[PDB]
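J.:
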Ligand code: HEM
Ligand SMILES: [K+]
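Numbering (the authors' numbering), first residue to last: 10 to 414.
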């Protein structure tokens, strides 16, 4: 339950927040995490949950910490510590300067240039799935669209058989929102067990798929090793199957309850990209951290070498000191401040692919099924972790109010 308070941790800074099951979850995950920004909560607190760790609750500290990799290392970014210690994905488990070379390689598979190339493909898949659902007048968004849309795109880019999705998806979810069936370490070894043969095979016979590119790639001009390729492909796998997938659901859940906001985008489609950013802020969902490389005093608090600190990317944009009325969605928001895709040298590499998938989904969906709502009686439930999500999303609509495009 609660780990005994280390001697150096001030008693009054204790706030037992459980990132894998926050007290106020029933009100929504973001709402649940936002409790950390209530009037009497300090900028930096310590929770005795999940082994004990600090938590920066404000955008100011979160951004500052992510910028200072000398003090806050990516070496151990996962909580609990056991997970953080087993965590060796590339390039996230690395700090500059060595981290850099691997980011460049990762960009060969997800960089903007590559994304633009995927535009037509992405649109075709979205239109395909939406048009197929359109006449049915209902669907559980998570399994009918949120999951298949981005996962298939990734699997295709990676050149991996779709039959493998169920196993892979289970493993990725155990790494972000474990149900207890396995530790982060076990899910990782299983993910690596899956990739090892595939990488060797792609290295012997170079292809044009994401795996081949990484596996036969160069970093700083030298050949990447089989282990490095594995550590990187594993991370790309995680991004492709458990980020956009979840974000889309938070977004659609909101749109299914906001006729006014839907009409805005229906009226002026050119506002979709802006709406996408506001949604990325309001429904931010990632939260990992760093480990102190040495004793360091941060904002009046004595952090000790080895201490873990959660720096919730999700909280920055929800911070009222960053955005007035943070909980309100305003597609017209003048300055949409957020760190949804991270901050610092570890800025999300899949962010361009993510925005494309989000915008295409909004554009293609609202143009065919402008009017829809949450299936009556549905008690939408959220799930919390390194990456938060929605359990199920039952949507309904009158087929007569749709349009084939
Ligand atoms: C809504 C979608 C997404 C969000 C909010 C998101 C968020 C993030 C965040 C917050 C980080 C920083 C972690 C840290 O600093 O420890 C990150 C890193 C990363 N993400 Fe994204 N992610 C998304 C989608 C994706 C996708 C689809 C992919 C791959 C296809 C991806 C690949 C990566 C990679 C490779 C990194 C590591 C960068 C490094 O360590 O230098 N992400 N992402
Ligand atoms: K580690």
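Where is the CB? At the ideal position from N, CA and C, for every residue including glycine.
Can you tell me whether residue 411 is buried or exposed, with buried defined as 16 or more other CB within 10 angstroms of its CB?
T.: The residue you call residue 411 lines up with position 402 of the chain shown. Buried, because 16 or more other Cβ atoms sit within 10 Å of the Cβ of residue 411.
J.: Are at least three pairs of beta-carbons, each pair with one atom in the stretch 390-397 and one in the stretch 36-44, less than 8 Å apart?
T.: Cβ pair count under 8 Å is three or more, so yes.
J.: Is there at least one non-hydrogen atom of ligand 1 closer than 7 Å to the beta-carbon of residue 295?
T.: Stepping through the chain shown from its first residue, residue 295 is reached at position 286. Yes, Cβ of residue 295 sits closer than 7 Å to a heavy atom of ligand 1.
J.: Would you mind giving the Cβ-Cβ distance between residue 160 and residue 131, rounded to the nearest angstrom? I have them listed as a contact below 8 Å.
T.: Locating residue 160 in the chain shown gives position 151, counting from the first residue. Locating residue 131 in the chain shown gives position 122, counting from the first residue. Not confirmed; about 13 Å, so no contact.
J.: Is it the case that the CB of residue 244 approaches a heavy atom of ligand 1 more closely than 7 Å?
T.: Sequence index remark: in the chain shown, residue 244 carries index 235 (1-based). Because some heavy atom of ligand 1 lies under 7 Å away, the Cβ of residue 244 counts as near it: yes.
J.: Tell me whether the beta-carbon of residue 178 lies closer than 8 Å to the beta-carbon of residue 204.
T.: Taking the chain shown and counting its residues from 1, one reaches residue 178 at position 169. Taking the chain shown and counting its residues from 1, one reaches residue 204 at position 195. No, the pair does not count as a contact, with Cβ atoms beyond the cut-off.
J.: Would you kindly work out how many angstroms separate the C-alpha atoms of residue 11 and residue 20, rounded to a whole number?
T.: By one-based count along the chain shown, residue 11 stands at place 2. By one-based count along the chain shown, residue 20 stands at place 11. Between residue 11 and residue 20, the C-alpha separation is close to 14 Å.
J.: Would residue 169 pass as a contact of residue 199 if the rule is Cβ separation under 8 Å?
T.: For the purposes of this step, residue 169 is taken as the residue at position 160 of the chain shown. For the purposes of this step, residue 199 is taken as the residue at position 190 of the chain shown. The answer is no: Cβ separation not under 8 Å.
J.: Compute the Euclidean distance between the alpha carbons of residue 143 and residue 377, then round it to the nearest angstrom.
T.: The residue you call residue 143 lines up with position 134 of the chain shown. The residue you call residue 377 lines up with position 368 of the chain shown. Approximately 7 Å between the Cα atoms of the pair.
J.: Where residue 247 and residue 358 are concerned, what is the direct C-alpha to C-alpha distance, given to the nearest angstrom?
T.: Mapped onto the chain shown, residue 247 falls at position 238. Mapped onto the chain shown, residue 358 falls at position 349. Going by the C-alpha atoms only, they are around 12 Å apart.
J.: Got a sec: does ligand 1 put a non-hydrogen atom nearer than 7 Å to the Cβ of residue 163?
T.: For the purposes of this step, residue 163 is identified with residue 154 of the chain shown, where counting begins at 1. Indeed, a heavy atom of ligand 1 lies less than 7 Å from the Cβ.
J.: Is residue 294 near residue 260, with beta carbons less than 8 Å apart?
T.: Indexing the chain shown from 1 puts residue 294 at position 285. Indexing the chain shown from 1 puts residue 260 at position 251. No, the pair does not count as a contact, with Cβ atoms beyond the cut-off.
J.: So, at 6 Å on beta carbons, what are the nonlocal neighbours of residue 375 in its own chain, with the 5 sequence-adjacent residues on each side left out?
T.: Counting from 1 along the chain shown, the entry for residue 375 is found at position 366. Closer than 6 Å at Cβ, skipping near neighbours: 274, 275.
J.: For a test of your reading of the model: does the CB of residue 96 fall under 7 Å from any non-hydrogen atom of ligand 2? Yes or no.
T.: Here the question's residue 96 lines up with position 87 in the chain shown. Yes, Cβ of residue 96 sits closer than 7 Å to a heavy atom of ligand 2.
J.: Going by DSSP, what residues sit across from residue 341 in a beta bridge?
T.: Within the chain shown, the letter at position 332 stands for residue 341. According to DSSP, residue 341 bridges with nothing at all.
J.: Touching or not, the stretch 226-244 and the stretch 187-201, by the rule of three or more beta carbon pairs under 8 Å?
T.: Result yes; three or more Cβ-Cβ pairs closer than 8 Å.
J.: For residue 14, which of helix, strand or coil comes out of DSSP?
T.: Your numbering for residue 14 matches position 5 in the chain shown. Residue state, collapsed to three classes: coil.
J.: With DSSP as the reference, identify every bridge partner of residue 307, one or two as the case may be.
T.: Looking up residue 307 in the chain shown gives position 298. Bridge partners of residue 307: 310.
J.: Does DSSP classify residue 406 as helix, strand or coil?
T.: One-based indexing of the chain shown puts residue 406 at position 397. Note: residue 406 maps to coil in three-state DSSP.
J.: Are the stretch 146-155 and the stretch 400-409 touching by the rule of at least three beta carbon pairs closer than 8 Å?
T.: Contact holds: three or more Cβ-Cβ distances are below 8 Å.
J.: Going by DSSP, what residue range makes up the alpha helix (DSSP H) through residue 176?
T.: What you label residue 176 is simply residue 167 of the chain shown in a count that begins at 1. Segment 174-185, the alpha helix (DSSP H) holding residue 176.
J.: Could you check if residue 66 is buried or exposed, using at least 16 other CB atoms within 10 Å of its CB as the buried criterion?
T.: The count along the chain shown starts at 1 and reaches residue 66 at position 57. Buried, because 16 or more other Cβ atoms sit within 10 Å of the Cβ of residue 66.
J.: Based on Cα-Cα distance, which residue from 55, 50, 25 lies nearest to residue 313?
T.: Your numbering for residue 313 matches position 304 in the chain shown. Taking only the C-alpha atoms, the option nearest residue 313 is 55.
J.: Using three-state DSSP, classify residue 292 as helix, strand or coil.
T.: Here the question's residue 292 lines up with position 283 in the chain shown. Of the three classes helix, strand and coil, the one that applies to residue 292 here is coil, per DSSP.
J.: Roughly how far, in whole angstroms, is the beta-carbon of residue 298 from the beta-carbon of residue 88, given that I think they are within contact range, below 8 Å?
T.: For the purposes of this step, residue 298 is taken as the residue at position 289 of the chain shown. For the purposes of this step, residue 88 is taken as the residue at position 79 of the chain shown. Rounded, the Cβ-Cβ distance is 7 Å, consistent with contact.
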